[PDB]
Structure formats: structure tokens, C-alpha cells
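*Asks:* This structure is in C-alpha cells; I'll ask about it shortly.
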Amino acid sequence: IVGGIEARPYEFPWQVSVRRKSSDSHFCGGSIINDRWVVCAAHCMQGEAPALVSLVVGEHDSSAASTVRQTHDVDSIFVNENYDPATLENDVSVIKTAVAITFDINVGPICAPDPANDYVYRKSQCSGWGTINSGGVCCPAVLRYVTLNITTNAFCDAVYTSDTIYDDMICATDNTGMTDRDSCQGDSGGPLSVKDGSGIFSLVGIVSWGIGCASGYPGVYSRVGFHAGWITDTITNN
Amino acid sequence: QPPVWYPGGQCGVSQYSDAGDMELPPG
Ligand SMILES: *[C@@H]1O[C@H](CO[C@@H]2O[C@@H](C)[C@@H](O)[C@@H](O)[C@@H]2O)[C@@H](O[C@@H]2O[C@H](CO)[C@@H](O[C@@H]3O[C@H](CO)[C@@H](O)[C@H](O[C@H]4O[C@H](CO)[C@@H](O)[C@H](O)[C@@H]4O)[C@@H]3O)[C@H](O)[C@H]2NC(C)=O)[C@H](O[C@@H]2O[C@@H](C)[C@@H](O)[C@@H](O)[C@@H]2O)[C@H]1NC(C)=O
Ligand SMILES: [Mg+2]
Ligand SMILES: [Mg+2]
Ligand SMILES: [Mg+2]
């Protein structure tokens, strides 16, 4: 996360740290949607083997000992069959745990978005243990987050003078030049959310790709509303 | 409406009433 701040302990209870099991190395974020499923990005899971991945929930400061932290083995991984590694279209996946995730005040799922809402200009949040600068060293110990503005796809597509922003994508950035706030390396697969008047959070995007980080280009995310049907069918049939 | 992926209870709840309220300047 670039231009953001430290999250308070378990401020975003659905946040997941996806790691290489043998090295406990965080490489992507994720979002809990129920006690057996986590939403992530396709580019994070493509080619991964269930036995070599660990999902860590209830995390905050990865460098501290914790009684809240839960480490889960992965049962199966589902990458969107239409994922295009070249265009980044359909950059979505869902991961199933071997056992049920324990839910409490510190760990819980995030809500699904309303597919019939593009969230244009809504204030949003993005959290993760990604680098704080493009090219920075991965990864900061304490969970961070930043608030962003969800742009129109046309605007985002206009800024990316050499790349296409598809309808299944959603972008978010700051209102001050796109050089202050953004998600970065390590935040991928993580959540881009919005909250209602009651403080209830909904998953509207999945950290996907971008040029640099707060380097003049908006961050690009996989539009969860667009892939909502796929996520529902996948977690319901597996 | 949003699909219900978690029929077991309420989704999207944070213990902090002001969770994720970091300011976002208008520019
Ligand atoms: C997400 O971005 C939207 C577009 O913002 C603009 O474009 C981006 C790329 C960036 O450059 C921004 O800096 C640009 O503003 C936001 O919508 C715009 O919101 C601004 C307000 O911040 C609107 O403006 C106002 O327009 C009014 C009508 O002409 C003016 O009366 C008003 O002027 C007064 O206030 C300004 C500063 O606030 C003073 O300088 C003036 O002297 C005067 O006193 C503003 O100029 C603009 O019209 C909006 N653009 C569009 C196309 O809607 C969006 O902001 C959200 O949505 C808007 C509609 C409001 O509800 C905001 O409160 C709300 O935050 C951004 N979303 C977020 C979450 O930040
Ligand atoms: Mg608005
Ligand atoms: Mg473009
Ligand atoms: Mg549409």
C-alpha cells in the first residue's frame, strides 16, 4: 500500500495473507467471504499447488507472536478458466480451506458487492502488506490500508494510453495526481472495498495490476460485481 | 442485490465504529 496508514489490530477482519508454506512468505493478499472460502486474484494462484500454500488469517503484525493468528492449509484452488495472463482479464480466483475458519470479533467475512452498481466515484478502501513504494522491499510487518476514489473505466482507460481497461475491471486512485495513493506489489489478490452508512464493508475489487504504484496511473482491480456469478457458482459447486 | 456468500451470519463487520475512515482529499 502506497500513501496509506497502519491498520489498527484486526480493523479489516476479512484480510488474508497468502503465503508460501515452506517459508511462511507473504506473496499475495486475499478476502474471506465465508468460513471455507477466500477470494483472491488469478495471477496469484495460477500454477500454485494447494499443498504448498498457507492462508493466514487473524494477522496484523507478521513479525509478532500472536494468539489470534490462524494458519490454514488449502484444500483446493480455482482460477477463472478465462483468465488472460496477457490482458489480465478475468483475474479472479477462489481458494477453499481444508478446515473451517474460526470467526469472532477479530476474524470475519466481507460482504459481496451489488453487481448492479459500478461504484463510480465512491470512496473506497484497500488494505494489505504490499510494498509502500514501487520497487520497495517486500514486505512491511504491519497491515496497512489507504482510502481511494473509484474512477470511471473511461477515465482509467484514458490514462492508460497504452493498455486496455476492460469492463470486468475497476480502477481506484487519489484525487491529487495519482502519485500519492495506490496498492502495490504484495497487495495483489487483496480487497478493494466500500462501506455503507452502517459501517458494513463490501468487496468491490481485487488488487490486480497497474503501471508502477502511485506512479501517475490508477491502480487496476478485478471488478468483483462482474465476476460475482462466477464466484457464487464456484464456491457453491465445490 | 448482493449475493449471499455467507448465510451463517452478518458479513463486513469491523469491531471499530470508524473502521477505514482515513481521509481522502478532493483535490
Ligand atoms: C472521485 O472523483 C470525482 C471527480 O473528481 C474530479 O476528477 C478527478 C480525476 C480529480 O481530478 C478530482 O480532483 C476532480 O475534482 C469526484 O467528483 C467531483 O467532486 C468535486 C468536489 O470535490 C466536484 O467539484 C465541485 O463542483 C461543484 C459544481 O461545479 C462546485 O460548486 C465545487 O466548487 C466549490 O468547492 C471547490 C472545491 O471543493 C472550490 O475550489 C470552489 O472554489 C468552490 O467553492 C467543486 O468544484 C466535481 O463536480 C465532481 N466531478 C464530477 C464529474 O462529479 C468525486 O467526489 C465525490 O462525488 C462528488 C459528486 C461529490 O459528492 C463529492 O463530495 C464526492 O467526494 C471523487 N470521489 C471521492 C470519494 O473522492
Ligand atoms: Mg458519490
Ligand atoms: Mg487504455
Ligand atoms: Mg457493465
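Note on naming: chains are A, B, ... as they come in the C-alpha cells, residues start from 1 per chain, ligands start from 1 in the order shown.
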With a distance threshold of 6 Å and counting only C-alpha atoms, extract the residues of chain B near chain A and express them as a ChimeraX atom specification.
*Replies:* /B:1-2,6,11-14,26-27
*Asks:* As number ranges by chain, which residues of segment 17-214 of chain A does DSSP assign to strand (DSSP E)?
*Replies:* A: 17-20, 25-34, 37-40, 53-57, 70-79, 93-97, 123-128, 144-150, 169-173, 191-195, 201-209
*Asks:* Collect all residues with atoms no farther than 10 Å from ligand 2, counting only C-alpha atoms and all ligand atoms, and output them as a short mmCIF file (atom, residue, chain, number, x, y, z; two decimals) with C-alpha atoms, in the first residue's frame.
*Replies:*
data_model
loop_
_atom_site.label_atom_id
_atom_site.label_comp_id
_atom_site.auth_asym_id
_atom_site.auth_seq_id
_atom_site.Cartn_x
_atom_site.Cartn_y
_atom_site.Cartn_z
CA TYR A 119 -19.47 2.31 -7.67
CA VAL A 120 -18.39 5.30 -9.76
CA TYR A 121 -16.75 7.98 -7.59
CA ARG A 122 -17.42 6.10 -4.35
CA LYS A 123 -14.84 6.38 -1.58
CA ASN A 149 -11.64 7.11 -5.22
CA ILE A 150 -13.19 4.64 -7.65
#
*Asks:* For ligand 4, list the contacting residues at 8 Å or closer, counting only C-alpha atoms and all ligand atoms, as a VMD selection string.
*Replies:* chain A and resid 116 118 167 to 168 226
*Asks:* Could those selected residues go to a file with C-alpha atoms, as a short mmCIF file (atom, residue, chain, number, x, y, z; two decimals), in the first residue's frame?
*Replies:*
data_model
loop_
_atom_site.label_atom_id
_atom_site.label_comp_id
_atom_site.auth_asym_id
_atom_site.auth_seq_id
_atom_site.Cartn_x
_atom_site.Cartn_y
_atom_site.Cartn_z
CA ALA A 116 -25.85 -3.67 -10.38
CA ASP A 118 -20.38 0.30 -10.79
CA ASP A 167 -15.43 -3.89 -18.34
CA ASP A 168 -14.52 -6.61 -15.84
CA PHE A 226 -18.76 -8.50 -12.76
#
*Asks:* For residue 91 of chain A, list every protein, DNA or RNA residue within 9 Å, evaluated using only C-alpha atoms, and leave out those in the same chain fewer than 4 positions away; present the list as a list in words.
*Replies:* residues 40, 41, 42, 43, 44, 79, 80, 82, 83, 84, 85, 168, 169, 189, 206, 208, 221 and 222 of chain A
*Asks:* All residues within 8 Å of ligand 3 are required, counting only C-alpha atoms and all ligand atoms; please report them as number ranges by chain.
*Replies:* A: 156-165
*Asks:* Determine, for each residue of chain B having at least one atom at most 12 Å from an atom of ligand 1, the closest pair of atoms and their separation in Å to one decimal, counting only C-alpha atoms and all ligand atoms; order by chain and ascending number, as a tab-separated table.
*Replies:*
residue	atom	partner	partner_atom_place_in_ligand_line	distance
B:21	CA	ligand 1	69 (C)	11.6
B:22	CA	ligand 1	69 (C)	11.5
B:23	CA	ligand 1	70 (O)	9.4
B:24	CA	ligand 1	70 (O)	6.2
B:25	CA	ligand 1	70 (O)	6.7
B:26	CA	ligand 1	22 (O)	4.4
B:27	CA	ligand 1	13 (O)	3.8
*Asks:* Quick one: pull the distance between atom CA of residue 19 of chain B and atom CA of residue 144 of chain A, Å, one decimal.
*Replies:*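 Between atom CA of residue 19 of chain B and atom CA of residue 144 of chain A the gap works out to 12.4 Å.
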*Asks:* Between atom CA of residue 77 of chain A and atom CA of residue 210 of chain A, what is the spacing in Å?
*Replies:* 24.3 Å
*Asks:* Closest to residue 46 of chain A among A:81, A:89, A:73, A:61, using only C-alpha atoms?
*Replies:*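 That would be A:81, the residue with the smallest distance to residue 46 of chain A.
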*Asks:* When you count only C-alpha atoms, which of these residues is closest to residue 135 of chain A: A:54, A:185, A:70, A:62?
*Replies:* A:185
*Asks:* Nearest to residue 69 of chain A: which of A:16, A:92, A:47, A:25 is it, counting only C-alpha atoms?
*Replies:*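 Comparing A:16, A:92, A:47, A:25 against residue 69 of chain A, the winner is A:16.
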*Asks:* To one decimal place in Å, what is the distance between atom CA of residue 227 of chain A and atom CA of residue 90 of chain A?
*Replies:*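 Computing the Euclidean distance for atom CA of residue 227 of chain A and atom CA of residue 90 of chain A yields 7.7 Å.
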*Asks:* A:20, A:66, A:103, A:28: which is nearest residue 8 of chain B, counting only C-alpha atoms?
*Replies:*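 Smallest separation from residue 8 of chain B among the options: A:103.
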